[PDB]
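Below sits a lone chain in structure tokens, taken as the form deposited without the partner chain.
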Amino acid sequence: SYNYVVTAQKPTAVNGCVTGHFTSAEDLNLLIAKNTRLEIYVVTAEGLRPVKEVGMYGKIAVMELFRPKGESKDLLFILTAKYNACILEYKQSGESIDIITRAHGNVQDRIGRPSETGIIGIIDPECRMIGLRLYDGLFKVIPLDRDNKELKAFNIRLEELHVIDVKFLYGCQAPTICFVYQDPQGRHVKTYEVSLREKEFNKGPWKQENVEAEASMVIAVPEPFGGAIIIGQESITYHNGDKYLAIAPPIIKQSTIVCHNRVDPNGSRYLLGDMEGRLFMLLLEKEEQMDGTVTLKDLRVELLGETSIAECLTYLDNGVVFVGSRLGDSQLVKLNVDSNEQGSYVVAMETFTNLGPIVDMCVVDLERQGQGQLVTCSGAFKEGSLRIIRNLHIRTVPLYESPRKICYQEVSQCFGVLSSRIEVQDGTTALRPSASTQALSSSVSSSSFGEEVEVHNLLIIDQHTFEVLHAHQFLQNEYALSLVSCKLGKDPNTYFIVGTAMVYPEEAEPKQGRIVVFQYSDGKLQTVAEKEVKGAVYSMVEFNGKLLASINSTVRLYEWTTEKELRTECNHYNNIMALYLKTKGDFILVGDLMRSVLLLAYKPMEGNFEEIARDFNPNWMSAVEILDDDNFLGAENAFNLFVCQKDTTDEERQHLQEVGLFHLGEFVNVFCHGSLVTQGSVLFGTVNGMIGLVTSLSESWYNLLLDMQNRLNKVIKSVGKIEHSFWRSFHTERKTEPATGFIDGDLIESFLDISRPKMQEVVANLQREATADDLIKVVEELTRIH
């Protein structure tokens, strides 16, 4: 199988941000790390001014800055999710900018299981070593001498397997490590002293202490204080040897504190963000002992205000804060000395678009010029919205609740959107005004104390004004899974059909579910038909004028009788749960979460499904799709794409061999046919917000482009010197296979950027002998599609 993958919209989620003097020792820099993309901005009075934006062959994962003695500017340490560590330096020669690679290496332990708490990276404040926690019970150390040009590392065997969080401590005679670890007794903070000469731990400066049962964040306070600060949900505790100061303010009780930052160089002020987007300031008050040293007196916390759900917080000088978010738009908030009348000190200066997470998407030609636009359901919680993408121009429509699915009715000129909002049980009370609660007309379906329930709505949204025309609230304790718009049977009306599952917390697998049929006309959404089923309706498709439903582990076919009632025609008990259902012609693709693809065909004359092929390869999927009659494309675990191909013996005719793999580097929620401007064009969304595009090449072009790639990989220089075939190798957390049948579109499209002298050596002896002009024309032709 031959395929072509191009990224039509670079990832926009923010993995993490750092601040420091990277570009120059005289100016401030802010480094954002979106998935695989590193953006270096220069901070100024007006705001961020982009200076560089590079793309690494890896997920940034860990990023840090450090200025070892003897350097003018700060070096940048990046460890990727594939364990490619690299120390980089920024070198501005005249008007030309290029990131130099001081050192690189692959710090991976062969035998081990990745820590369930996640990769942790930390740097000694004196910059003597780099500490990495990758695997339980092992603490990897990288000395930072000038001889480690390959990042040689050695492991220290920790005894406390479960380590929640770890930091280095400011102020000591040897690099000290303080960490919170959980054992059956509870959570304890413990300190070790790292010794390079012996390559092991020694008893720390102060013994272990017991802490809050959830104590799950460690902050290393700088001089003159020293010591550490431990944060949970319930209490904040400052430990420094004998000194112990605990404060349990009621204002942080409601939400977990998930990110932190140091505002002032002396640690007097810290910024804390919680899951629901609130921003607090943690104050440290100091006393001066007569003929002694400064000591901490008390800890105070006050609610600065409300921002976007905070994934990373950094403090740009002059009271600016860059709130990054993976669930919503990032922003630059301004901290005032006094609160506005609403009672909050935080105001918003600028907002940065974040398309991800893309939970569903659909291609629609609103203006009918033959080049369709795209609509995506982005964000979660209060950040949810609809993004309208066209040729790359993006428009936003906030909802203030999580959108889940989407479909388009051409005749009604409206979008159907499933949405979910969280309501407290204190009847239930809404938290904030939402799209579903502020609809022009509302309908309600009929047929503990602080617990948070989910209320689900179907929203009819006009396609031009994007105002919520209608909102239909579903039954209590009902969860809507699927949304398909289609016309069934000979019926001339067009319907919004919804699948829902009745989920009670006491149960495990839903027993009851519904298939509802709504008709939107004359400004009203009336329920036309309703079917009770014994299961959850995970997926639904329009199968040649019939409704294909996935009732638990079953594919059922409903015909639309003249009396307007769904009527069963055939069933196929197919063992697995038919979560992913796709159709083309007569072939049906069925899959569950753990791979297990299964291709059926609906025998028309007989009237019952017959299994045609199946492939059971236990591995998590994100979504599947059909490229053509014979090729199916899906996403496996660890951010991978894969292609199966239906085909001699019967066994060979019933085995969907994999004929292509690719480490896309993102989670692919949804695939959808359509192009925004090679046969076919399957767009796909992602969690990071990247929108990609897959097309089917011809054999000749596929060979040509594969050879051109293999040639480029010997010319183009990647940041940190990461072999391209390594970054595109398949990955399953203990296994790797080379990519096959997939042409990396970004690498090819980068051919245009390189200048003529490199062009000539890239094109030499390729495949009449081709010349730079012919390859330029071919690459232009490839660029046209996206």
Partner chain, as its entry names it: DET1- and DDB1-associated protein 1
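Rigid core: the largest C-alpha set superposing within 1.5 Å between the two forms. Positions refer to the first chain, counted from 1.
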Core-aligned, RMS over all structures and residues: is 396 to 404 or 497 to 505 the stretch with the greater C-alpha displacement in 4 other deposited structures of this protein? 497 to 505
By Cα RMS to this form in 4 other deposited structures of this protein after fitting the core, the stretch ranking higher of 358 to 366 and 483 to 491 is 483 to 491
Count up the deposited residues without coordinates from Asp647 to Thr648 and drop the result into none, 1 to 3, 4 to 9, or 10 or more. 1 to 3
Could you bin the unmodelled part of the deposited chain lying between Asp426 and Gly427 as none, 1 to 3, 4 to 9, or 10 or more? 1 to 3
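Omitted from view is the form solved in complex with the partner chain, to which the following refers.
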Close approach of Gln526 to the partner chain in the deposited complex, 4.5 Å, heavy atom: no
Using 4.5 Å between non-hydrogen atoms, is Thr295 touching the partner chain in the deposited complex? no
Does the 4.5 Å heavy atom contact test between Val107 and the partner chain in the deposited complex come out positive? yes
Examine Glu39 and determine whether its closest non-hydrogen atom to the partner chain in the deposited complex is within 4.5 angstroms. yes
Just one of 219 to 227, 364 to 372, 698 to 706, 318 to 326 has residues with a heavy atom within 4.5 Å of the partner chain in the deposited complex, so point it out. 318 to 326
Checked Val417, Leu272, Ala85, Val590 for heavy atoms within 4.5 Å of the partner chain in the deposited complex; positive is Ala85
Answer key, the partner chain contact in the deposited complex at 4.5 Å (heavy atoms) among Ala246, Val411, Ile100, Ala601: the residue is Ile100
Heavy atom within 4.5 Å of the partner chain in the deposited complex - qualifying residues of 203 to 224: none
